[PDB]
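Structure, as structure tokens:
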Amino acid sequence: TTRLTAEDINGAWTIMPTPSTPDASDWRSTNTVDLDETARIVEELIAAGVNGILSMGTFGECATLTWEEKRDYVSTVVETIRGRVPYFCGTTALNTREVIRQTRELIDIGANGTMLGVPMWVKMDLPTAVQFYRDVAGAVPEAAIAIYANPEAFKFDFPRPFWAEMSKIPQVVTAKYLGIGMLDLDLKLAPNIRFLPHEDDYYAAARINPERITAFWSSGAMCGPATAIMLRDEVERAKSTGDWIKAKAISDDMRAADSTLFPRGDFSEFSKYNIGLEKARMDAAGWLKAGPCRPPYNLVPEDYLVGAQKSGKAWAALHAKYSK
Amino acid sequence: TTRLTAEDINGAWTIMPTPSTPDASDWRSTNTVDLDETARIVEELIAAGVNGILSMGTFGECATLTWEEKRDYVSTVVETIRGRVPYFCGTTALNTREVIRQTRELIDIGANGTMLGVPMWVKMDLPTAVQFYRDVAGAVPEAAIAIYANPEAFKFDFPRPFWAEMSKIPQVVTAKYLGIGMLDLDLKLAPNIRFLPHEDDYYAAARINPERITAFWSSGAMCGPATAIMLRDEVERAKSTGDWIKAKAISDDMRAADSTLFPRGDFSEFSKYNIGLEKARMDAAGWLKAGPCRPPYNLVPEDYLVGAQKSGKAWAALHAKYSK
Amino acid sequence: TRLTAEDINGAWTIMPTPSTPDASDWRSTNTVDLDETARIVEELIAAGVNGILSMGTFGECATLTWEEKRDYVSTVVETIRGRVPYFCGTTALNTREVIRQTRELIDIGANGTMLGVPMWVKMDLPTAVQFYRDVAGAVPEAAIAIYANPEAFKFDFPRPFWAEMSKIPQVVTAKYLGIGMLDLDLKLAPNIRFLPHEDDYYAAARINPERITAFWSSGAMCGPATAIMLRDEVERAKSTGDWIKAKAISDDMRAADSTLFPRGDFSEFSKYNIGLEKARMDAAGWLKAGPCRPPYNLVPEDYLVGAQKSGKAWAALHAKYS
Amino acid sequence: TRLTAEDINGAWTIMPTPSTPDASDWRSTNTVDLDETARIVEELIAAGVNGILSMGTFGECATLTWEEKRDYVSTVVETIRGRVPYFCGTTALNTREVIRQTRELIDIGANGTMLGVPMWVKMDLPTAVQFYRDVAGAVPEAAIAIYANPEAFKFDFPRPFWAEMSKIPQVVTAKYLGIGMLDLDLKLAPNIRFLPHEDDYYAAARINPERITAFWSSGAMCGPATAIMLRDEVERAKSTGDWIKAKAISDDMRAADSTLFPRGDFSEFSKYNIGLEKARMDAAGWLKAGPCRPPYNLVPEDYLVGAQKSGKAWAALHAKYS
Ligand SMILES: *[C@@H](C[C@@H](O)c1ccccc1O)C(=O)O
Ligand SMILES: *[C@@H](C[C@@H](O)c1ccccc1O)C(=O)O
Ligand SMILES: *[C@@H](C[C@@H](O)c1ccccc1O)C(=O)O
Ligand SMILES: *[C@@H](C[C@@H](O)c1ccccc1O)C(=O)O
């Protein structure tokens with residue numbers, strides 16, 4: 001096991017949820033992870049051709065799982081993968097010592113890296129955030145680190161000079177990236193990081209810089225991964241042939257499928273219900289069973305739930321359309 | 001031990017820090033609590049006449065202590081207090097199950113309640129926040145609960161209908177309250193909660209409603225508690241006599257002493273450095289030894305540090321001025 | 001002689017700019033109902049108001065034409081007959097326009113201008129201070145009421161701003177919002193009468209009964225008997241030390257306002273500040289505010305309902321306190 | 001005949017409103033240096049610009065007097081001689097004023113108005129849509145360029161807004177900021193030429209080289225050779241498929257802008273948008289932007305230094321690419 005670099009990060013990187021038992025919204029329940037569905041999902045993603053698996057971000061419920069639940073979940077993922085694809089766990093926590101303690105334990109179980117935001121009880125500034133990731137990578141230098149650059153969840157907004165500093169840390173190999181307004185500059189400031197746009201932004205981002213932009217992250221794949229596999233294969237054919245017509249059609253399809261996900265189109269309103277909306281979309285699509293949300297985040301306004309289920313139905317149809 | 005109500009919450013309620021050892025900014029250190037200073041502070045606050053002790057909020061480093069550190073700190077506080085004043089621990093965490101687990105353990109050690117914000121990885125909405133506090137009070141019904149109504153730390157903004165819902169929960173007995181623009185209405189919506197304004201707002205708040213506003217919280221007391229004791233005694237003399245002149249002079253003194261605390265007067269900018277600024281103020285005042293900040297929050301811009309030290313010097317002088 | 005803070009007492013009511021029934025049409029040219037203007041002023045004074053402010057946000061200072069403004073003030077100036085003080089409003093997009101407007105309307109017979117700041121570009125503190133010093137120096141016979149609304153004017157009117165405005169003789173008063181820093185601001189600005197919102201006057205008067213002697217009211221456009229009763233009752237409370245009846249009136253006023261703000265949110269209310277106030281007033285039936293001049297004539301129906309319910313509650317209160 | 005999106009190509013440069021040396025004084029009355037206006041236009045066209053926008057934020061649409069605006073456009077209209085298209089700017093505080101301004105300046109010989117929305121009260125989506133439909137219907141010979149700046153105009157110009165503007169023939173183009181949703185917006189608004197910022201044109205052209213054929217530039221006021229070279233080089237790149245030299249030019253432009261934003265913060269830059277741009281231009285020495293009309297003549301010195309460093313970098317680039 002030799003540590004991951006940015007060169008090893010290509011293709012469809014799919015973020016899976018942490019499947020929950022039918023009583024997982026109850027604070028009294030203690031072993032709420034469905035390890036059978038957890039295993040089954042891993043088998044079907046790898047069989048579908050995904051290049052790598054991320055986990056334990058916001059909708060993966062890193063916030064609301066217990067430590068014993070996280071260890072059993074990671075263990076099951078690791079066994080089932082059997083080293084066939086790289087795997088990132090997630091270990092964001094409220095302080096640097098807890099982050100380090102979790103990362104050490106989950107790397108030892110067999111995850112290859114951690115998808116990592118920053119502690120967010122106190123809003124972090126730029127030097128605080130740089131030193132945080134430096135401390136972690138120095139404390140566990142065998143862990144690859146994916147920056148989870150979510151300003152809604154983590155308050156800190158991951159600005160341009162932050163990315164210049166992360167490119168200096170060998171462990172930081174990739175980033176779960178949101179809007180691409182400054183992707184052109186961030187690629188220049190951060191040559192050593194594989195920036196993963198969102199799946200819907202992969203088309204545009206790869207056109208900006210087809211040399212650097214070779215991978216993306218997907219949560220839509222939890223509704224049926226054929227669409228993400230099709231987009232990956234068609235973009236890389238497009239880079240060679242110069243014919244982006246079919247790649248644009250898939251990408252436009254993916255955008256339309258997400259058109260009801262965010263309440264009122266509002267990322268901040270979506271962020272209040274990130275966990276529930278992603279899981280309900282996934283529940284609705286029927287490709288896997290995400291299940292109820294662990295507390296406190298088990299209350300979603302019905303109007304918002306409907307938007308997520310419509311998106312989930314739209315992605316299941318896209319999976320059928322782009323299958324075989 | 002019969003559970004606290006709002007009627008038992010009067011006077012100067014002082015928030016103490018979690019004293020740290022000289023190497024506490026280092027993530028490698030593991031037992032960073034100075035239990036001797038922890039004990040010494042408790043003895044001197046009780047000797048000074050404080051009516052109650054809060055702890056483990058933002059600057060008390062609930063975010064960055066380890067669990068073994070929190071148990072040793074609470075244990076030491078509890079022993080030293082010897083039931084002479086009520087004590088609130090702090091158990092905010094990222095989910096409801098961890099909050100419950102911590103609260104149970106620290107109540108068993110001997111704290112009388114918990115100062116409790118809300119999980120903040122996902123921004124909470126109003127029903128989510130109400131049900132969170134309901135779940136906790138139902139799971140540990142012997143715990144008194146002080147709402148830590150900090151919208152900067154916890155994203156959720158604790159609006160008026162939230163307070164109407166908390167007044168319905170017997171366990172919720174008090175609140176660490178910030179601006180008083182809507183205190184008049186919140187008192188009406190929440191008859192069963194003792195609202196603690198900030199010490200600098202106690203003068204105005206007690207004039208608004210001297211029947212309901214009988215207590216306040218203080219962090220300035222960690223620079224010398226005579227000023228808070230003097231303000232408490234003089235406001236209650238003012239309520240009876242109707243002569244608020246001396247109470248206004250103390251309160252104006254306290255406001256001027258805080259005039260350099262917030263960088264540029266900005267609560268949000270102060271909130272990025274809440275821990276470091278409070279501790280540096282306390283370090284500067286010399287009444288107790290707060291010490292270095294546990295990681296990641298150990299980096300404060302020097303200009304900001306100077307403002308905090310000036311405030312700390314201003315409060316030490318106020319303590320001398322209002323002593324004996 | 002120009003107003004000082006010592007002249008600013010009791011209930012100060014903010015007047016809409018009443019509009020003719022074609023006022024939403026951008027083709028319209030003279031959309032002020034000058035007869036309803038005159039009649040509101042007569043009825044306001046008869047009811048015992050202490051002074052009249054106007055031409056702020058819901059007064060449509062932003063959407064009136066210049067000639068419409070000239071005719072409005074003239075109508076108000078001559079209906080008042082010098083019986084109460086009157087502030088017009090002249091907030092515009094730059095200092096020179098603010099000055100040119102303040103000159104003409106003071107000359108027509110306004111006592112002062114209720115004034116926010118140009119807000120195309122958000123000002124910092126020195127920009128705002130200099131702006132107010134510029135206007136005060138340019139029209140020194142005009143009093144100034146700071147219209148301190150950060151939602152409309154972006155700038156948040158912080159503590160050091162109030163200290164500076166106390167340095168300007170012309171700044172006699174301030175239409176003030178949340179009272180969380182009022183105790184401090186009264187200390188920093190000794191020469192300014194701070195007007196809390198009518199619902200906040202009870203608490204503010206109790207904080208500092210010497211300084212807090214006046215408030216501003218828009219609910220009085222629904223029937224001014226409630227605001228007049230709150231002024232008289234608070235004045236009696238400051239002498240008897242018995243605030244029960246003042247708290248009863250104040251708690252009624254909050255209740256009547258409880259459906260005004262869409263979702264309880266001040267910033268969502270600010271998006272429809274014009275429409276919701278005038279729709280509330282129209283539903284109260286004390287006066288006819290009329291359609292909103294373009295572009296702010298579109299308001300969601302759920303929000304409109306909330307303001308009409310509030311108009312009905314204030315109009316009920318006016319009957320309760322007549 | 002009125003412009004369509006098919007007429008909007010290449011480098012579109014935004015002109016300051018040059019000011020006489022007394023222009024900061026609120027007592028001043030005619031503060032446009034009409035001879036510098038005329039001379040900038042001559043030099044811009046000679047340099048090969050495709051079209052001229054003006055009178056946005058740093059163009060001081062907010063702080064010019066009406067007569068100053070009339071004389072400015074006349075000077076531009078007659079110096080252009082119909083050689084390139086010209087957009088004036090007529091954003092004001094209400095629809096009727098926006099219309100009255102657009103009529104006169106189009107009549108003087110502007111081809112369109114660069115237009116944001118009234119911003120005393122923040123508009124929602126239907127308010128903004130109706131506002132633009134109102135203006136387009138009221139001056140149909142005028143083209144419209146949406147000036148989509150949420151910092152100045154509060155409203156954030158979301159995706160459903162762009163779909164509506166594509167329904168309006170007059171809306172031919174958009175001065176556009178961050179490009180994170182450009183791919184989607186191009187799909188929702190087929191009839192609008194989207195102008196990215198000059199630094200963003202490289203990436204946007206690569207996303208959609210058929211649609212992204214034009215950009216807006218304020219750095220060209222520091223010396224327009226860099227923007228002209230980026231247009232020609234990007235056009236060659238779309239044919240050769242070789243983007244190395246376009247990326248070199250683009251990366252130079254970002255570097256020259258790297259000290260413009262105080263603390264890298266767009267919202268802090270927006271507080272001094274007028275002053276920082278004109279101070280940058282003054283320091284470049286290609287033209288004389290001049291003092292800022294009140295009230296926006298105060299800028300912190302550290303920020304001023306940052307803009308002057310940027311002016312020097314762009315002026316260096318102009319020499320590099322002449
Ligand atoms: C990461 C994914 C979320 O941050 C996100 C961001 C944007 C759109 C949709 C989603 O789910 C995670 O929750 O682990
Ligand atoms: C609570 C106190 C902070 O929330 C706070 C709020 C306002 C002014 C100063 C301080 O420290 C805590 O950190 O436990
Ligand atoms: C001032 C009054 C508004 O700013 C306001 C503020 C709070 C509640 C209600 C209203 O109308 C004005 O419109 O001139
Ligand atoms: C438009 C240009 C400004 O909105 C802007 C935006 C971003 C960077 C620089 C500038 O000037 C205008 O001022 O009319």
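No hydrogens, no waters, no symmetry mates; every other heavy atom, side chains included, goes into these values. Chain identifiers are assigned alphabetically (A, B, ...) following the order of the sequence lines, protein sequences preceding nucleic acid strands; residue numbering begins at 1 within each chain.
Residue C:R293 touches chain D through its side chain alone, counting heavy-atom pairs closer than 4.5 Å. D:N297 touches chain C through its side chain: at least one heavy atom from C-beta onward sits under 4.5 Å away, while N, CA, C and O do not. Contact of D:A138 with chain C is made through backbone and side chain together, with heavy-atom distances under 4.5 Å. Heavy atoms of D:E268 lying under 4.5 Å from chain C are absent altogether. When heavy atoms are compared at a cutoff of 4.5 Å, D:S267 does not approach chain C at all. When heavy atoms are compared at a cutoff of 4.5 Å, D:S270 approaches chain C solely by way of its backbone atoms N, CA, C and O.
Ranked by heavy-atom pairs shorter than 4.5 Å toward chain D, the options C:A92, C:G116, C:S28 are led by C:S28. Interface remark: of the candidates D:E151, D:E97, D:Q130, D:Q130 forms the most heavy-atom pairs closer than 4.5 Å to chain C. Counting heavy-atom pairs closer than 4.5 Å to chain D, the top residue among C:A62, C:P294, C:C61 is C:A62. The candidate from D:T57, D:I99, D:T29 with the greatest count of non-hydrogen atom pairs under 4.5 Å with chain C is D:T57. Ranked by heavy-atom pairs under 4.5 Å with chain D, the first of C:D124, C:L298, C:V121 is C:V121. For the set C:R96, C:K122, C:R27, the count of heavy-atom pairs under 4.5 angstrom toward chain D peaks at C:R96.
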Worked verdict on C:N30 versus C:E67 for side chain to side chain contact (heavy atoms under 4.5 Å, CB included): CA-CA 8 Å; C:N30 274 88; C:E67 211 209 82; 3.1 Å; yes

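Ion pair C:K309/C:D257 not flagged as a salt bridge, since none of the NZ, NE, NH1 or NH2 atoms sits closer than 4.0 Å to an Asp/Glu carboxylate oxygen. A salt bridge does not link C:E60 with C:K69: every distance from a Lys NZ or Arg NE/NH1/NH2 to an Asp or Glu carboxylate oxygen is 4.0 Å or more. Contact check on C:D265 versus C:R263 returns no salt bridge, with no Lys/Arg side-chain nitrogen under 4.0 Å from an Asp/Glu carboxylate oxygen.
The closest side-chain donor-acceptor pair between D:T31 and D:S19, if any, does not fall under 3.5 angstrom. Counted by atom type alone, D:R280 and D:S218 present one or more donor-acceptor pairs between their side chains at under 3.5 Å.
One finds the CZ atom of D:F58 at 4.0 Å from the CE atom of D:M281 (value rounded to the nearest 0.5 Å).
Note on ring orientation: taking the six-membered ring where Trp is involved, the planes of C:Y147 and D:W120 are tilted (angle from 30° to 60°).
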